[PDB]
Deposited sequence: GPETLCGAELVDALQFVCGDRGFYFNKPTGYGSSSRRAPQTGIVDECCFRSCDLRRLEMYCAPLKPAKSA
């Protein structure tokens, strides 16, 4: 059905891997912030798909 609490973190840990993850979707400057909203709203309170969930993975960088 949905992903919450520990299940949500396990999912984020598995999908994101070494990259790590975050919970609040970015908003961008001099904007509004429905206050601070993110993955709980998208994947726990409601149903989300893999592509949505993967948007909460942090970058990788790299550096050459």
* **Gaps in the model (deposited sequence, numbered from 1)** => 1 to 2, 36 to 37, 69 to 70
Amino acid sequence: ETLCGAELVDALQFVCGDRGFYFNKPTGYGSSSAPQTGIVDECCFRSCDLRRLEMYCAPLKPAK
From here on, numbers count along this sequence of modelled residues.
* At least a third of the other compared entries lacking residue 37? -> no
